[PDB]
Structure formats: structure tokens, C-alpha cells
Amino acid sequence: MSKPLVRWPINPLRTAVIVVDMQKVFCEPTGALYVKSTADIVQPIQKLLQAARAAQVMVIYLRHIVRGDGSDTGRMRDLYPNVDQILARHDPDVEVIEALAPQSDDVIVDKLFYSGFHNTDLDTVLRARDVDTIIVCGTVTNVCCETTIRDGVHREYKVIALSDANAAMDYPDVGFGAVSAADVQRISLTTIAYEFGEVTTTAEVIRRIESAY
């Protein structure tokens, strides 16, 4: 390391938690896009949300949901040919898992692609509350979570990624060798810490939230 790690001071009034795509389609073993490492992040996210709500830190869930008729999928459908049949609004598996069931004051923001920011309600929700700091958890680490992180920092948000509350998936060998979830995770967290914002643990962010409140 030749430059320091970044740490963002938490002002609860100007902070939100973003729970990325904790939907049945990614979290249930029978889900069409099941990411097995999600099992290990449900508990830390539950603790995080309990602390956030106690400190009046806004909780926002992202859901990847499309209409189902193909009117809102172009590149997404080229890359995932079955997208209209698995992420359709009518599909039961687009719902957030019961273990993380949104509460009445929480905000739900739906999105057509990976980014939580691009062409979504999220920037309005955050700026209306004068939020400038976001804590990101959920799945998939390097895809929807990282795109939300990259898009957030480009809008000047102070982004905190939770090392133990973002879940990555294995990839098949497409010409460049096998890629494990552990390798994805290692590379993603390192990249975030060097390029995009802060990486810390769920426990430390909870402590920081409790101390500021």
C-alpha cells in the first residue's frame, strides 16, 4: 500500500443502507440465479438493518425486476436469454426473501439491469433526504453490488462496501480459466478499497452507526 485506505465518518442523518437484490431468485437453492454464498450474508444483513432502523438510517432494497414482455430488455436479454421468464414482475422469485422482509418505512427501488443508480429512482430517494453516504450489501458482489458502488462514487457518494455482507458467485471457464467466488470476492473488495470507496465489516459499520447516534 502506497496510499491510505479510505474511511467515511458516519452521519446517520446523511446515510442510507442499500440491500442489493436479496431476492428469492438469487437466494433460494431452487432459484434460477441461485448464488450459494448468499446463505452466509443473511445474518449480518439482519443485524445491519436492525441497527440502521434503530438509528433512523434509511434502509433501501433494490430488486432486479422486468415487465416480462421483453419491452424493457435489450442487452440484458442478449446476455441472459431467459431474463423475461425469470425476473418478470409476476414471477414469485423476484420477491425479497422473508428473512429480510422489508418493513413499512423501508424504501423499495426496482431496476431493469445491474446498476442500482442508472435510470432508477435511487438518486431521487437519496438526494431528497440529503444522503451522501451509502452502505452497500447484497449480491452479486462484482456485478450488481459493484455497479451500484461504481455508479455511486461517480455521483460523488461516499460508498462503504461491507466485506462480510456481499456475496459473489463462481463463473464457468469461458476461455480464461476457472473463476471461483472466493477469487471474485478477493479481487472485487481489493478493487473497491483501492478505487471506489471504503471496505469494512458489518460489525464495524454497526458500531460506527451506534456511536454516531
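Start at 1 with the first residue shown and count on from there.
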Exercise for review: Output the stretch having the higher mean C-alpha B factor in the entry; the candidates are 128 to 136 and 97 to 105.
Suggested key: 97 to 105
Study note, to complete from the structure: Quick note on 28 to 36 and 159 to 167: per-entry mean CA temperature factor is higher in 28 to 36
Study note, to complete from the structure: When the entry's CA B-factors for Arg67, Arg63, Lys47, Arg150 are compared, the highest one belongs to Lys47
Exercise for review: Could you say whether, by C-alpha temperature factor, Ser180 belongs to the lowest, middle or highest third of its chain?
Suggested key: middle
Check your understanding: Once the chain's modelled residues are ordered by C-alpha B factor and cut into thirds, is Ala193 in the lowest, middle or highest one?
Key -> middle
Study note, to complete from the structure: Binned into thirds over the chain's modelled residues, the C-alpha B-factor of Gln23 lands in the lowest
Exercise for review: Would you check the entry's CA temperature factor for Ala54 and let me know if it's in the chain's lowest, middle or highest third?
Suggested key: highest
Practice item. Divide the modelled residues of the chain into thirds by Cα B-factor and specify which third, lowest, middle or highest, holds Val174. Key: highest
